[PDB]
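*Asks:* The structure's right below; bear with me while I get my questions together.
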Number of protein chains: 4
Amino acid sequence: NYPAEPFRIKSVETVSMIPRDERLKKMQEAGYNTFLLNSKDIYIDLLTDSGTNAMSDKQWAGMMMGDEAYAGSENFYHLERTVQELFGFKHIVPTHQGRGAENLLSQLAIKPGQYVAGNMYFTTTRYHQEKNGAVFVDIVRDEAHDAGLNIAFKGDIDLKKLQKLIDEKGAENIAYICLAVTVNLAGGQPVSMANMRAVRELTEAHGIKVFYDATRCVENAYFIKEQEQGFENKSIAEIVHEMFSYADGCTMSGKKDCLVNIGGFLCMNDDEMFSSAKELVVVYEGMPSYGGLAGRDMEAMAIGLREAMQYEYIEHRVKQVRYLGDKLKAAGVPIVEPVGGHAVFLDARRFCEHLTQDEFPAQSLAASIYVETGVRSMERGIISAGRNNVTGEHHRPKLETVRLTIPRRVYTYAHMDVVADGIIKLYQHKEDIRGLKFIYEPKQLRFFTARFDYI
Amino acid sequence: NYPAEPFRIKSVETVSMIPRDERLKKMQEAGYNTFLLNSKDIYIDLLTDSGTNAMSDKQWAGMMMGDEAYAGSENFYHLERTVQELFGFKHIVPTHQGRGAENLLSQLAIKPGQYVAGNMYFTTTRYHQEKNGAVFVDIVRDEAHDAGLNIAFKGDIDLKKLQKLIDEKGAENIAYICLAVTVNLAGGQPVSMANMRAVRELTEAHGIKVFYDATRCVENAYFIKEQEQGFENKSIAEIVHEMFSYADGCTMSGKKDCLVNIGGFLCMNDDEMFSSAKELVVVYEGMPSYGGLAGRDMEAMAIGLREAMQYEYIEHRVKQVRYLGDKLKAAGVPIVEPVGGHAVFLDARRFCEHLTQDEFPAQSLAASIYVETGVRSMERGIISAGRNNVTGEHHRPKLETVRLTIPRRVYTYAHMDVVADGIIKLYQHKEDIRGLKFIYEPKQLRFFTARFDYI
Amino acid sequence: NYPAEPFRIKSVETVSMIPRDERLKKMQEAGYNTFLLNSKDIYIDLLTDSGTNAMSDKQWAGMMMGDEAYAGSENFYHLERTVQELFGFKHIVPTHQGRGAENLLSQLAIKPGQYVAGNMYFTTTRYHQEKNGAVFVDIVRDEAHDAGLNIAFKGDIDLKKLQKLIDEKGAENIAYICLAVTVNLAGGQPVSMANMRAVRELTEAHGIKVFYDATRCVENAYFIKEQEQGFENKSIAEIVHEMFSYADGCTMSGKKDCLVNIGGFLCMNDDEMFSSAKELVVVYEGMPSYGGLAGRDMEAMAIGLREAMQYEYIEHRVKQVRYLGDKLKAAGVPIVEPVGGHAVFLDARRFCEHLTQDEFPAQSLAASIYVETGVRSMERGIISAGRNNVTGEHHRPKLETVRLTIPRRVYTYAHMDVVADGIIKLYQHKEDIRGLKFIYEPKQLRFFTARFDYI
Amino acid sequence: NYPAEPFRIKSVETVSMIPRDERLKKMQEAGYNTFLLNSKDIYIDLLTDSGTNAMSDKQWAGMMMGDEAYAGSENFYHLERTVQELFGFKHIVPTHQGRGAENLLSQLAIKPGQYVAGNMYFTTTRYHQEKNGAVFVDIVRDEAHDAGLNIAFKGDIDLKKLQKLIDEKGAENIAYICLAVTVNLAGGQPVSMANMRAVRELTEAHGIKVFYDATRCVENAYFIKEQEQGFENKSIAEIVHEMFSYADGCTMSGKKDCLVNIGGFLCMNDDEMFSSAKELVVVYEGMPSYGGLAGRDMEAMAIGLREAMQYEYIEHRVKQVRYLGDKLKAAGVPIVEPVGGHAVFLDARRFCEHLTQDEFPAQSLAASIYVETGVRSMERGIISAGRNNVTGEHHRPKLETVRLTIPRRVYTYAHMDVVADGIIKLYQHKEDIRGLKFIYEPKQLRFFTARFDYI
Ligand SMILES: CC1=C(O)/C(=C\N=C(/C)C(=O)O)C(COP(=O)(O)O)=CN1
Ligand SMILES: CC1=C(O)/C(=C\N=C(/C)C(=O)O)C(COP(=O)(O)O)=CN1
Ligand SMILES: *Cc1c(COP(=O)(O)O)cnc(C)c1O
Ligand SMILES: *Cc1c(COP(=O)(O)O)cnc(C)c1O
Ligand SMILES: [K+]
Ligand SMILES: [K+]
Ligand SMILES: [K+]
Ligand SMILES: [K+]
């Protein structure tokens, strides 16, 4: 139901709240973009679960054994064998974080004019696909875009859609299939093993490569153990190893499920791709033997990935998120269902039904939540979706959401109650939330530093 | 009612989640004595609040700045000015922990045959008084000995007993009044500011010295802020400083309210005594400027004592313990009342009223609690009382209790639920709890290494 | 002559002391390529001064205060004001290390077909310039290419070459002047303040921008204090600030002169460029307020850059390298002159004049040095130069060298003796050094993984 | 001859010097007692090698795995088995440092009226012997008191003197033999294995117990390997294990040869003594399961004791001291010979032959060395020797020395040169050093806080 933390607290950092009118000042100073608030002016920081995790005593012991050598570091060897063992891939190239590996994959595996197909888009991923000359095709099933629809494994690829893509475009014009676990923008929704196996069989028969976005693969494995028939007695590690046996490689932002504050990598089975990846890694990241990471960080990430395989750890991680979701839902607050692995997503269309999606309800709601509570959350809606690179119009995602994203091992159920209590009160006067409009818009990944003014 | 943690987690400590059946085997291998359990086999360790506290990020930063010089360390000067500022004593001598400071005080301040009077007593404190030739006299209010009596400031000294001691023995034959805040043996009960002032004035008129056992002075200050009228507008720090203005000095276990794992100190206002204390500290502890502590530890203790002044921190510390007591009591589980600053004491006599004291109900209840929940608690009953080696009979204490002792900043309300729910479930079939018999009993310190089996 | 270390040791790093016979086996298992040695098998690792620096106690304290927020981290603001104060640039964008900042600069500041001119070049820097469409032009003084010429400020730009470039191509077709301090490829040679000013004035009159590669700017400032007249009364910090007042911005590898294991940044004065840089940093690195670094690492870099301003620190850093060069040279061992800020380069062509370049004298000398002393050095000769894949011929560089690269604050003069004495002993029977032949050669990055055997 | 450091520097702490007249001020403010100077006013701190050692990366990794439990800590178990394995004793009781264990031993093993016999006195040791009712008898051979006499194993007990003590006093009036390795006050002089074996045989035949002071046992083992015939091929660990096979237990200040900043212990073979020691440890130090130490400190000390067994580490440690000695001797500076394991001792009788021992030449010289160099050193002469507890006169040691004591793994040969250069210059005008007299004298261990004025 709701287990207690399967760990003790080793050290703490203080949290405080500043008055509402200070927060009012700060929200306008930040152009009503939560990304532009300062860390010290935030009481509970749920902007993202990326890089904000609490490390363990063992990882910190690893941090003291940083072998900082340029090549041949013990830390690189430990990371390399851990990832080979746990994920089952032949080769690994470390990168400083996820988008570093996406930069490598996209340059390596895409010829201009080709299609990349994925189970829903992601921001940095789609940007790197498109700047290397690819058209992104969404092949997640329709249901994944229906916020309130409570079905299991919403992250699953629609096989019918993949078949269609192959018939219409021809297999040789498909660069690869991008399969993310979990699917972040659908609300952290898992992909079933049955689906990964079917995708593999179908792509293999046409000679098409499959690369996983491994960023939240452990959360995903937890959902498989919990809900997919025949997996209830398998270990998280067994499930993780089987997942990747259906892929040709993966990108990974270790800043999520490897339980670290920095770090990532690219894996692949193909020797020639590994060669080419090492050539490129030196341009952007570092030598293949550290990839833009300190030795101590390769060590922390090797230790953290293995810790993530502990059943009680990942069960608690996921059920803590589910608790926040359960509380919000019992009070009538509209959310994406079912609750995903890493965050609760308020459905901004419903929270603010008096605004149109063109008035940026999600961006607005996130600002309002900050002003009323000091809790920081992130826009995951029309602003994040960016512009159509052909028409210049906003991409218009059906999912217009605001994310309360939970860092791993950082907060308690009492913090979840405080967050829930605040959101619930904002709900009582949701009609008070105003439309926003751009006053400054970056040319790509605009959500990061865009500024707004009230309409 | 109960506040959320006024901090978040910076790092975690790894623990074992072994299941009940395996816990039963560890309990058996430990001869049903919780003092013999391995730390690595315990989920939640409530054996003691001494030196088991979680430090902050700021303390851990000070841990990296240990000036390890044998004399004149910068860390000692930081510690020194912090305690002068916050306690308002003229002089300070660091010691490795509390009983090191007690050793010094009792040697400095007692002539053979003299009396030391206090509000109840603690084992190490009273030991050092007696081996320097003092006779102990309990001058706590009589209410403190009624363990079920729910009244405020139960730790207060009975001014009439103090007067009576003075009239009967003479002021010149009283070494000092030892006033402890809070009072451990009464279950962590606080002492009021009015009481501290009344005692200062009576003792001062007769030339008698007063030394505080300041080990949980911050918990004590929280009770005064919360319950003593006139202190609603005072900061914890103002209250702490006023408390000590009524003393000639103090002994301190930093391992409790200074939020550290090791450390303590001795304070006094008198120049001549400070001189004598520096002559003696070098005998047992170290220099006046390290006192048996590493430089990093004087630094962590200087930083920890200042953090302990934060209202929200100590409010949450005391209310978290109170939460555990309230929950037990609402289900009819018998406890010492009112709940103290640092622990909850189960009344094992009443909990296991089908067992006689000779069947060690507290020792047996402590073993049951570990088996059922992974929680370690401390026996504080007939076993810890020891055996009269002259007559061979048990010392038979009036309190037959299990102590649930709460380290600062280590656990959450969900851990408190694990503890409460498990004890509550045992309470519902309390008649099934079995008596214990010795299978190995040493001559001394029997509570530390004795082994038992079920009757 | 040579100052003592202006610091003492706070903690040590454990190394293997394996004997010569065992070192011969590790060298053989590594195919006689020092780049393939395991860090755990190396006594003294002079492969590189990049990211291998020892941090202080203060830096390690900042490592405990990482504010890991995704945006608005306190550590970023500390880094930001430190670089503004010390470099005197208006704006700063952090990057995970140097080549991340170079990626950004070259994309922001180059239109296809434009020229970038600099005092020699570095591989990553020049790569990013060229892939954004620039043509590189070397405008260093001709003396810089005479590797045995013992003159001051060998890194200076030839103003006449700059003028000639301007006259021939037009100012509008020059993207920027890339001025590096120190100049790595000339062996770590400094650039004078007069040169920096002369270049600022000529470029400014034509509207041309100047960006510094500031990677070893502090070593450079030490040379100006020591050798450029008029700077005897200036602090290292005054000199560093004046250097940058002659630039429009810079790229920085903190892994060199900021005394850290990871980290770098981009600076500029121009508001519009700062805006564009923040639009791009999110593509490859992270937010304008972490740039692909953990919060603790921005903190360590802010603290390290300020420590690097201490005169005694940088004096000792540069004179320790000089000590190694002086000792080699006094025994007749041929080196690049004068000795630079960060390394000594052995002339392997002259050292092994019984071998032809096709027998890889630098690669072989590097292997010998490890076998005889436990010291790892880097090949910087025909092997690192790579192979023309069009014609299949070696690129044949004029410099056939072994680089003895000195990390900051890691080694003592006795380690420098181990290195010198071992090289000196090899020099005395240099004729016994054997040529190498490939037994495995990859198509690219051949210096990283190639294996050899003796001829 | 002089090996290089068999480790790299992992982190540093800054050192600086203040002007001579600031130092002049500071020396008089400190009553001309070097113990009373502040750490931050000292440039190179050679007061003592106790607790001032640099820890390794592995020890600091152990520091992150502090298991702070009150009983059953993993850290206590690791310390316990390491000491059982390496020293060979049956039982261990941790204490916060050396004099804590001496306090226990003296209370446990001495009946009033009995004699304790040792190879030369030590300050805290003799004080704890005498306050428990023992007469100290020196049975080191005469030669150990002759400063300039260069003979091997000066720490050896004179068997003739031990035999005499037994005949004159009777074996049952001898509490135990105290055998220290090395002998600190003779200048850090080693004891031979032959001598330890002869002492064991002779004491065993009379039923007399032998307890070692293990504080510098690893330095001692190094001297045996280097100089005692038949031990040249034994490992340091084998030699350490054999040493202790001749003892009934030991006291240990881990702050020396266990390479830590705090910590110690008491070992013994006898079960009944172990029982009694645990009873006493709770009075002064803590529970037998932590002994006044944080878990992380038991861990660091377990790791450090094992590191100390590495041949190259202890060889370098000892030869670095020998280098300082060689330099001083080549210049004609008078020292204790041969040079011991941990410090060079200037012979103050010879350095200041114009003063009498009653004018405290050693105390004076130490002050002078500070004023001229900023180097701190310690009095080891008439002041340290204390007063005869029968006559009230100063004990008058023949050895009137000033100690330049080297912390482990903290300084370099260049620091040793700076120290040597300074001492050598002070020597040129040694006639300038003035007599001192007490203005304040503590009643015991007076050297710690005594203050003086020039005669
Ligand atoms: C599924 C997925 C992500 O969610 C992702 C970054 N997402 C963030 C930081 C988030 O807040 O969701 C990235 C990019 O990783 P990076 O932030 O560059 O380490 C890749 N995959
Ligand atoms: C041989 C020996 C010592 O040298 C010693 C303390 N000596 C110090 C601190 C010194 O500076 O020599 C002690 C007392 O240890 P302690 O400083 O209490 O950990 C015991 N034995
Ligand atoms: C624990 C305690 C002490 C002793 O302090 P230590 O640091 O354990 O020696 C003294 N007084 C009270 C009231 C205590 O609880
Ligand atoms: C090492 C170096 C760089 C690159 O920095 P990284 O942090 O290695 O990417 C750039 N310029 C010079 C002169 C360098 O030496
Ligand atoms: K982070
Ligand atoms: K502890
Ligand atoms: K590094
Ligand atoms: K110390």
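Each chain in the structure tokens gets a letter, A, B and so on, in the order shown; residues start at 1 in every chain, and ligands are counted from 1 in the order they appear.
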Can you tell me, as a tab-separated table (two decimals) with N, CA, C and O atoms, in the first residue's frame, what residues are no more than 10 Å from residue C:133 when counting only C-alpha atoms, ignoring any on the same chain fewer than 5 positions away?
*Replies:*
```
chain	number	residue	atom	x	y	z
C	106	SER	N	31.96	28.46	-31.56
C	106	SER	CA	32.10	28.35	-33.00
C	106	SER	C	30.75	28.40	-33.72
C	106	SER	O	30.65	28.96	-34.82
C	107	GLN	N	29.71	27.85	-33.10
C	107	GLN	CA	28.37	27.93	-33.71
C	107	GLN	C	27.83	29.35	-33.63
C	107	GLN	O	27.09	29.78	-34.50
C	110	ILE	N	30.64	32.07	-36.13
C	110	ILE	CA	31.21	31.81	-37.43
C	110	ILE	C	30.13	31.64	-38.50
C	110	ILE	O	29.17	30.91	-38.31
C	111	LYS	N	30.31	32.35	-39.61
C	111	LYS	CA	29.52	32.09	-40.81
C	111	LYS	C	30.42	31.32	-41.77
C	111	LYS	O	31.62	31.59	-41.86
C	112	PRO	N	29.84	30.36	-42.49
C	112	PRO	CA	30.60	29.55	-43.46
C	112	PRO	C	31.47	30.38	-44.41
C	112	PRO	O	31.02	31.37	-45.01
C	113	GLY	N	32.72	29.96	-44.54
C	113	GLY	CA	33.64	30.60	-45.47
C	113	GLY	C	34.51	31.65	-44.80
C	113	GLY	O	35.48	32.15	-45.40
C	114	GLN	N	34.17	31.98	-43.55
C	114	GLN	CA	34.93	32.98	-42.82
C	114	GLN	C	36.22	32.38	-42.28
C	114	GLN	O	36.35	31.17	-42.17
C	115	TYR	N	37.16	33.25	-41.93
C	115	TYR	CA	38.43	32.83	-41.35
C	115	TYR	C	38.45	32.99	-39.83
C	115	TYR	O	37.86	33.92	-39.27
C	116	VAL	N	39.15	32.07	-39.17
C	116	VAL	CA	39.53	32.27	-37.80
C	116	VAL	C	41.05	32.18	-37.72
C	116	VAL	O	41.65	31.21	-38.18
C	128	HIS	N	36.22	22.41	-33.99
C	128	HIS	CA	34.94	23.12	-33.93
C	128	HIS	C	34.88	24.33	-34.84
C	128	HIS	O	33.84	24.62	-35.41
```
*Asks:* If the limit is 9 Å from any atom of ligand 8, counting only C-alpha atoms and all ligand atoms, which residues qualify? Return them as a ChimeraX atom specification.
*Replies:* /B:66-71,73,290,292-296 /D:50-53,255,260-262
*Asks:* Write to file, as a PDB file, in the first residue's frame, the residues of the selection just made, with N, CA and C atoms.
*Replies:*
```
ATOM      1  N   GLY B  66      38.699  20.098   8.977  1.00  0.00           N
ATOM      2  CA  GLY B  66      39.262  19.822  10.262  1.00  0.00           C
ATOM      3  C   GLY B  66      40.703  20.313  10.236  1.00  0.00           C
ATOM      4  N   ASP B  67      41.003  21.253  11.127  1.00  0.00           N
ATOM      5  CA  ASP B  67      42.357  21.713  11.419  1.00  0.00           C
ATOM      6  C   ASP B  67      42.819  20.779  12.548  1.00  0.00           C
ATOM      7  N   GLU B  68      43.639  19.789  12.189  1.00  0.00           N
ATOM      8  CA  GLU B  68      43.966  18.689  13.113  1.00  0.00           C
ATOM      9  C   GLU B  68      45.145  18.958  14.072  1.00  0.00           C
ATOM     10  N   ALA B  69      45.563  20.217  14.170  1.00  0.00           N
ATOM     11  CA  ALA B  69      46.650  20.601  15.076  1.00  0.00           C
ATOM     12  C   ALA B  69      46.403  20.087  16.482  1.00  0.00           C
ATOM     13  N   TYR B  70      47.498  19.720  17.170  1.00  0.00           N
ATOM     14  CA  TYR B  70      47.434  19.208  18.529  1.00  0.00           C
ATOM     15  C   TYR B  70      47.013  20.316  19.527  1.00  0.00           C
ATOM     16  N   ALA B  71      47.309  21.566  19.187  1.00  0.00           N
ATOM     17  CA  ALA B  71      46.950  22.690  20.044  1.00  0.00           C
ATOM     18  C   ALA B  71      46.624  23.902  19.192  1.00  0.00           C
ATOM     19  N   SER B  73      43.843  24.686  17.503  1.00  0.00           N
ATOM     20  CA  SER B  73      43.043  24.431  16.282  1.00  0.00           C
ATOM     21  C   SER B  73      41.994  25.534  16.069  1.00  0.00           C
ATOM     22  N   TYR B 290      41.464  20.622  22.346  1.00  0.00           N
ATOM     23  CA  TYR B 290      40.760  19.596  21.544  1.00  0.00           C
ATOM     24  C   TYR B 290      39.956  18.623  22.417  1.00  0.00           C
ATOM     25  N   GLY B 292      40.090  15.548  23.389  1.00  0.00           N
ATOM     26  CA  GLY B 292      39.840  14.193  22.950  1.00  0.00           C
ATOM     27  C   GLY B 292      38.976  14.081  21.714  1.00  0.00           C
ATOM     28  N   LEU B 293      38.815  15.203  21.004  1.00  0.00           N
ATOM     29  CA  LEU B 293      38.111  15.227  19.751  1.00  0.00           C
ATOM     30  C   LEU B 293      39.054  15.597  18.593  1.00  0.00           C
ATOM     31  N   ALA B 294      38.832  14.979  17.438  1.00  0.00           N
ATOM     32  CA  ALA B 294      39.422  15.459  16.197  1.00  0.00           C
ATOM     33  C   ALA B 294      38.984  16.915  15.923  1.00  0.00           C
ATOM     34  N   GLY B 295      39.810  17.691  15.213  1.00  0.00           N
ATOM     35  CA  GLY B 295      39.395  19.062  14.875  1.00  0.00           C
ATOM     36  C   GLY B 295      38.060  19.076  14.111  1.00  0.00           C
ATOM     37  N   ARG B 296      37.861  18.130  13.184  1.00  0.00           N
ATOM     38  CA  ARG B 296      36.622  18.132  12.381  1.00  0.00           C
ATOM     39  C   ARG B 296      35.393  17.984  13.251  1.00  0.00           C
TER      40      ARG B 296
ATOM     41  N   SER D  50      51.163  13.231  16.644  1.00  0.00           N
ATOM     42  CA  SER D  50      49.988  12.594  17.210  1.00  0.00           C
ATOM     43  C   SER D  50      48.732  13.239  16.688  1.00  0.00           C
ATOM     44  N   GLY D  51      47.956  12.485  15.901  1.00  0.00           N
ATOM     45  CA  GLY D  51      46.646  12.963  15.466  1.00  0.00           C
ATOM     46  C   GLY D  51      46.680  13.949  14.321  1.00  0.00           C
ATOM     47  N   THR D  52      47.875  14.172  13.771  1.00  0.00           N
ATOM     48  CA  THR D  52      48.059  15.209  12.731  1.00  0.00           C
ATOM     49  C   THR D  52      48.350  14.579  11.348  1.00  0.00           C
ATOM     50  N   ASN D  53      48.178  13.259  11.251  1.00  0.00           N
ATOM     51  CA  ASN D  53      48.457  12.495  10.012  1.00  0.00           C
ATOM     52  C   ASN D  53      47.460  12.797   8.891  1.00  0.00           C
ATOM     53  N   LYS D 255      46.429   7.421  17.164  1.00  0.00           N
ATOM     54  CA  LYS D 255      46.755   8.732  16.594  1.00  0.00           C
ATOM     55  C   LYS D 255      48.181   8.819  16.064  1.00  0.00           C
ATOM     56  N   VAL D 260      45.679   7.899  11.996  1.00  0.00           N
ATOM     57  CA  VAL D 260      44.391   8.623  12.146  1.00  0.00           C
ATOM     58  C   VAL D 260      44.525   9.940  12.945  1.00  0.00           C
ATOM     59  N   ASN D 261      43.426  10.686  13.020  1.00  0.00           N
ATOM     60  CA  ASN D 261      43.410  11.951  13.749  1.00  0.00           C
ATOM     61  C   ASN D 261      42.846  11.840  15.160  1.00  0.00           C
ATOM     62  N   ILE D 262      42.239  10.686  15.469  1.00  0.00           N
ATOM     63  CA  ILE D 262      41.688  10.413  16.806  1.00  0.00           C
ATOM     64  C   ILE D 262      41.595   8.893  16.940  1.00  0.00           C
TER      65      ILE D 262
END
```
*Asks:* Report the distance between atom CA of residue D:407 and atom CA of residue D:256 in Å, rounded to one decimal place.
*Replies:*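 So the answer is 8.3 Å.
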*Asks:* Please indicate the distance in Å from atom CA of residue B:406 to atom CA of residue B:346, rounded to one decimal place.
*Replies:*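 So the two atoms, atom CA of residue B:406 and atom CA of residue B:346, lie 13.7 Å apart.
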*Asks:* Give me every alpha helix (DSSP H) residue in stretch 148-341 of chain A, going by DSSP on the backbone, as a PyMOL selection string.
*Replies:* chain A and resi 159-169+193-205+217-227+236-244+271-284+295-307+311-330
*Asks:* Give as a PyMOL selection string the residues surrounding ligand 3 up to a distance of 10 Å, considering only C-alpha atoms and all ligand atoms.
*Replies:* (chain B and resi 48-51+95-103+120-126+179-185+188+212-217+251-256+261-265+342) or (chain D and resi 282-287+292)
*Asks:* Using DSSP on the backbone coordinates, identify the residues of stretch 106-209 of chain A assigned to strand (DSSP E or B); present them as a ChimeraX atom specification.
*Replies:* /A:115-118,135-138,140,157,174-180,183,189
*Asks:* Residues of the last selection are to be written out with C-alpha atoms, as a CSV table (one decimal), in the first residue's frame.
*Replies:*
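Written out: result24.csv:
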```
chain,number,residue,atom,x,y,z
A,115,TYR,CA,12.2,8.8,-40.4
A,116,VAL,CA,12.7,8.1,-36.7
A,117,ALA,CA,9.7,6.5,-35.0
A,118,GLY,CA,9.1,6.6,-31.2
A,135,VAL,CA,11.2,13.4,-39.5
A,136,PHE,CA,9.8,12.3,-36.1
A,137,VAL,CA,6.9,9.9,-36.3
A,138,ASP,CA,4.8,9.1,-33.2
A,140,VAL,CA,2.6,5.3,-29.5
A,157,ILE,CA,4.0,1.2,-29.3
A,174,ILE,CA,13.5,4.4,-41.3
A,175,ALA,CA,16.7,5.3,-39.4
A,176,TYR,CA,15.6,3.4,-36.3
A,177,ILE,CA,12.8,2.9,-33.8
A,178,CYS,CA,13.2,4.9,-30.6
A,179,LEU,CA,11.6,3.0,-27.7
A,180,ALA,CA,11.6,5.0,-24.4
A,183,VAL,CA,7.5,7.3,-21.5
A,189,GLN,CA,3.9,5.4,-18.4
```
*Asks:* Between atom CA of residue D:306 and atom CA of residue D:54, what is the distance, to one decimal in Å?
*Replies:* 15.0 Å
*Asks:* Residues of chain D no more than 9 Å from chain A, counting only C-alpha atoms: send them over as a list in words.
*Replies:*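 Filtering chain D at 9 Å from chain A with only C-alpha atoms gives residues 57, 58, 59, 60, 61, 62, 63, 64, 65 and 66 of chain D.
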*Asks:* Which residues, written as a ChimeraX atom specification, have at least one atom at most 12 Å from stretch 87-91 of chain D, with only C-alpha atoms counted and residues fewer than 3 positions away on the same chain left out?
*Replies:* /D:77,79-84,94,211-212,214,217-218,236-252,265-275,277-278,288,305-306,309
